[PDB]
Ligand SMILES: [Mg+2]
Ligand SMILES: [Mg+2]
Ligand SMILES: [Zn+2]
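Residue numbers (the authors' numbering), protein chains in the order written: chain d, 65 to 98, 109 to 295; chain c, 31 to 110, 115 to 320; chain O, 9 to 162; chain 0, 79 to 188; chain b, 2A, 3 to 151; chain 7, 34 to 327; chain E, 44 to 87; chain T, 41 to 206.
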């Protein structure tokens, strides 16, 4: 399935990329705060210009407000499994990650408050005409209180709690197809910092099986 | 593939009956179903019962507090006063009080020998949820009842039934309402045994006290009949004798059971609730 | 009726039975441990025990040499019988072999047994071991034994 | 002799589902202490027996290499010696079959 | 057949007729096509018969619904909750009148085998027979061949 | 003072209250990593819930065989009840009656059989007579019987149980086995235990000795049904483990002048090691002889 | 629920001891009955 | 052909209320087109009904029939699937709620007889269905005791009416 038939004039039309052009590493201890600065900013300004080229009426200041709306509405689709609307709000790279593991699960998610205003940390653009397509990725920082309760196929609480809000610091990356006349801004992926605190523990106990040894084999620590 | 449409259509109808039978749909209020006109249904209700109800009072009797509080919540949810709807609480209290006093008068006149405890238990059975709900459901009260929850809770249905009695009392007066209570609640005693409605314990203890009140000697238990004493299916007839005179006799599978049954038989005779007592007179009052 | 019939009916008849058993015994002498159907191993086990007794007579006993010549189809094993196997059991009067049931054969679900000459150089079979003397039951019986011995000496 | 009438499913179910025809539950299954795999009380553990056979086969292949032909059985006893071991005083005069592995723990040197 | 069908005992709804008689028919729902030929007899019943039938039965709410239909039907509902649907396809006006009157007179209980052609809650006034009813008593209740005062 | 029925209700409430308190200390669902160090299933790691998950829950992750055969747990080299919640990341091994050295399992089974005897003795005598539980002496298994020291009422100072009476105690023990009650454990501070057993002088003295031995003065409490007692060590999971159980003899200990302590004795075997009728009878005879703890 | 037999759980040391113990009791019981007339016989 | 058994693991129940009892997990697994008789397979499926997952695996491991290995293979993947995809905490906490065999699609072949006569031979295939329910295996029914018989007999005596009269 990796490649369609050979020697075909028609090709697959991709609307998204698979990865981040230049991954934004957040400064350590960013959660605590809750020369190089200029160099990164200059790269963002250059990339912003090619974003305003194809779309003249673009405002960086308005995006963090728009990004929050896209984010909240995308996660609300998970609650009612509104996949048709979700494809408009997220890219094809993000859609499998969001929905694959919850196909036979009930997700109750809600947005409570935004602790800190969203800040466009980085703006970057793809190499021109990868295949005739140019993409623009805007990384945004979100510090908000959310509530998540996931239930299993049998309606039994599997993760989280349905009423307790907890703080979430996550840098959501968005992506648009500038060349496409109908392209829009769509949640593309999430940056997970290495220093990010560990997630809350699951409810059930787990067993990690040891090596299954054939008779000839012997167990070595 | 065979030509035609009729056979296919007929089979579709059967496939839909089986589908419904496999998954019976959740029941809904009759008002929600087609062919319903509330005003027409209210008027027919009175006419069936041959009662000249006041349509204003009768409609209020069906309105319950739960339906009013929920109706207001829906209004708030839709961001929509005109809902000054009076509940049936006042009518319910009036009807409940009248029914208890009226039933107490009917039963005191008919059985003058029953103590107040016995008559109270009979009134509690006749006005209890089980009896009242049965009568209400079979008189279309549940269909006309405006409630928050369906099926109507038994307590709500009982309250509505007595509200209708309250409406009748205001509309037609006590005499006409007394006939209604006679014809729909007193009739519920038909076939019932005394101690099937009045649940008592230690009948022998109650019997001894009653005979003391009557200045009669304590009853002596004696074995009148016996069969199969040593078998797994004995028959015993125990007779209760007062001054060596047989007041009652009861059968049983054991002497203890037979003796207890004999005490119940003696109580039924003392209170006038014998199986062969004069039936209740439902004839038009002269 | 088969009262007191001590031999099994296998193979194609009496001669074939001996030949079948002889091939099993020849394999056992060479390899010192073989697996075969349980009934056939049980039948051959008696012959494998007696072969050692003939080996103990020595290679100079002409009767023993004729017996070994018949039963060992591979002649290099006859020196092994007289000079390796029989000397190993010089200090025993019997019990030269051990027979244990193994799981049923995969193809035909035949009941199977492993047989070996004791004292071989091969990896030891997972022999069935009795419960430790330290178990609850064995300790209660040790106490009972101790007590009885003390009462007898008195 | 042919069946004079068809046998009903009611009759057949009685014959087929009779307790005699059913599979009997086994009460002699126990866990093997050495490996933890299930075994029957009177039968050697399959897992342990297979492990022993695998080592036996390896040793037998080594014996073949030393013999190097048919009808070459030795006239002396044999001792299997694993890596890092040398013949003992009691192993003198015995053909030494060397195995290129560490001595198995269950295999005890004698 | 009786063994192949359910049965019930003769009964009434809320002891009907004991204190007063209450008509059990509570609602009638007609579905008469405007143009269907099968509904011709049902249309004539709605023009002259249904109005006079409603005057006589004020406790029955009749719902006449004119809509396209190939099979006109009348649905009868009773106070006990029973629902009965009877087709009036190609029936004459007189036939429909008879059917509608029959529905008015029925209690709504299942039209199935009735075990007994009568019912009573008080079958006995003098005491139900038992094996000792007609037996004489004996002095000191002595049993057959029983030695007293031994 | 409190009636016998009320005394149990008081002690159970205190026991339950302390159990609830320790459960609250647990923060949400913290996770511990328990590594399996047994010979079989080597290398299995259990990610369990601190202060809730017990060794039995780890056996349930493996197979039913572990649950049925595992009588005691070895947690970081220390014997651990199967139903005692695990408190830290540790190594775990499972012990059976048929291990090469089942000494610890024998002691655990041995101590539990004595605790079941205490339960029946306390609930056997008529309410008239007073039964005062003293202690369960730690006697080696080779002694042939487990023993439990009791003090009876002064009225029963010349009474010795009859054979039918001894059989009555046995029938009560077998009823406890039939009930299949778990051995619930609680490690509480001396103060909590002293409140539970305030009415009994012997338990207070016994409780004090155990607290003194340990620096943190935590005492081990066990409960089966409505009977609570103080123990010397880990117990078996359930009473259904016992198959052969008989109260064999009651001896009067000497000196009798201060108080007449009656040593009740019994012998039992688990389902895993049940003995033949003939062999069992021989064990009953030796069990009836007096044992002198050394 | 698994079946057991008398020496299933007995150790190597205890099997000979148990055999000797039960064997001696059988012999002693048989020897104790060799004098019926000295042990309260029934009327002859 | 029908394949409804595979669609029963796709039913999502709604979230349970706080006071409702925890619903047991149900895992449906099957193997299709096994070269083996359904009649012979029925006996093995019958054996393990009501058994715990571990007891069923033990009984099948030491059975001599070919179907035993196939069922054991299916049971093991069902047990793995129960923990991996169905939020079953303990893999041992499973029991056989349902186990049955079905007829598969079979093939017809000729079997030759003497005198030029023939028969039609069916190459038989079957299906195996299993349902695993989370929890301890349900206890067996106690044999109806004498007390129960006497109580039932007396109950029938007491329900006995005078027939064909008032
Ligand atoms: Mg043959
Ligand atoms: Mg031919
Ligand atoms: Zn093994």
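The beta-carbon is built from N, C-alpha and C at its ideal position, and this holds for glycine as well.
Exercise. By the 10 Å Cβ neighbour count, where 16 or more other Cβ atoms means buried, how is residue 102 (chain b) classified, buried or exposed?
Worked result: exposed
For this session: Would you list, in sequence order, the uninterrupted beta strand (DSSP E) runs of no fewer than 3 residues that lie entirely inside the stretch 118-199 of chain d?
Result: 180-199
Problem set entry | Residue ranges of each beta strand (DSSP E) within the stretch 129-168 of chain 7, 3 or longer | 165-168
Exercise. Is there at least one non-hydrogen atom of ligand 3 closer than 6 Å to the beta-carbon of residue 123 (chain 0)?
Worked result: yes
Exercise. From residue 106 (chain b) to residue 177 (chain d), what does the alpha carbon distance come to, in whole angstroms?
Worked result: 58 Å
Exercise. What number of angstroms, rounded off, separates the C-alpha of residue 83 (chain T) from the C-alpha of residue 214 (chain 7)?
Worked result: 37 Å
Problem set entry | chain 0 contact residues for residue 289 (chain d), given Cβ-Cβ distances below 7 Å | 125, 128, 129, 132
For this session: Could you say which of 317 (chain c), 85 (chain c), 315 (chain c), 310 (chain c) lies nearest to residue 127 (chain b) if we only look at CA atoms?
Result: 310 (chain c)
Exercise. Is the beta carbon of residue 196 (chain d) sitting closer than 7 Å to the one on residue 218 (chain d)?
Worked result: no
For this session: Would you grab the beta carbon distance between residue 51 (chain b) and residue 63 (chain b) for me? Rounded to a whole angstrom, and I think it's under 8 Å.
Result: 6 Å
For this session: Identify each residue in the stretch 108-128 of chain b for which the Cβ-Cβ distance to at least one residue of chain T is less than 7 Å, and report them in chain order.
Result: 121, 124
Exercise. What do you reckon, is the C-beta of residue 101 (chain T) under 6 Å from a heavy atom of ligand 3?
Worked result: no
Exercise. Which residues in the same chain have their Cβ closer than 7 Å to the Cβ of residue 229 (chain c), if we skip the five residues on either side of it in sequence?
Worked result: 298
Exercise. Which of the three DSSP states, helix, strand or coil, is assigned to residue 147 (chain c)?
Worked result: coil
For this session: Spell out whether any CB of chain O is found under 7 Å from the CB atom of residue 151 (chain 0).
Result: yes
Problem set entry | Euclidean distance between Cα positions of residue 239 (chain c) and residue 304 (chain c) | 14 Å
Exercise. So what does residue 284 (chain 7) bridge to, in DSSP terms?
Worked result: 296 (chain 7)
Problem set entry | residue 160 (chain d) burial status per 10 Å Cβ neighbour count (16 or more: buried) | buried
Exercise. Roughly how many angstroms lie between the CA atoms of residue 145 (chain O) and residue 139 (chain 7), to the nearest whole one?
Worked result: 10 Å
Exercise. So does the stretch 69-80 of chain T actually touch the stretch 168-177 of chain T, counting three or more Cβ pairs closer than 8 Å?
Worked result: yes
Exercise. Using the beta-carbon count (16 or more within 10 Å), is residue 323 (chain 7) buried or exposed?
Worked result: exposed
Exercise. Cα separation between residue 118 (chain b) and residue 13 (chain b)?
Worked result: 13 Å
Exercise. With a cut-off of 8 Å, do at least 3 Cβ pairs link the stretch 237-257 of chain d to the stretch 202-213 of chain d?
Worked result: yes
Exercise. If we call anything under 7 Å between Cβ atoms a contact, is residue 204 (chain 7) one with residue 162 (chain 7)?
Worked result: no
Exercise. Can you find a CB in chain T that lies within less than 7 Å of the CB of residue 301 (chain 7)?
Worked result: no
Problem set entry | Nearest-angstrom beta carbon gap, residue 262 (chain 7) and residue 151 (chain 7) [assumed within contact, 8 Å] | 6 Å
Problem set entry | Beta-carbon proximity list for residue 130 (chain 7), same chain, < 7 Å, skipping 5 on both sides | 104, 138, 303, 305, 306
Problem set entry | Contact set for residue 79 (chain d): own chain, Cβ-Cβ below 8 Å, skip 5 residues either direction | 165, 166, 251, 254, 257
For this session: Classify residue 71 (chain d) as helix, strand or coil using the three-state DSSP reduction.
Result: coil
Exercise. From the DSSP output, which residues share a beta bridge with residue 108 (chain 7)?
Worked result: 111 (chain 7), 125 (chain 7)
Exercise. Of all Cβ atoms in chain 7, is any one closer than 7 Å to the Cβ of residue 49 (chain E)?
Worked result: yes
Exercise. Any Cβ of chain O within less than 7 Å of the Cβ of residue 116 (chain 0)?
Worked result: no
Problem set entry | Beta-carbon proximity list for residue 136 (chain T), same chain, < 6 Å, skipping 5 on both sides | 88, 89, 91, 96
Problem set entry | residue 206 (chain T): contacting residues in chain b (beta-carbon distance under 7 Å) | 121, 124
Problem set entry | Bridge partner(s) assigned by DSSP for residue 106 (chain O) | 124 (chain O)
Exercise. Which residues in the same chain have their Cβ closer than 6 Å to the Cβ of residue 164 (chain T), if we skip the five residues on either side of it in sequence?
Worked result: 77, 146
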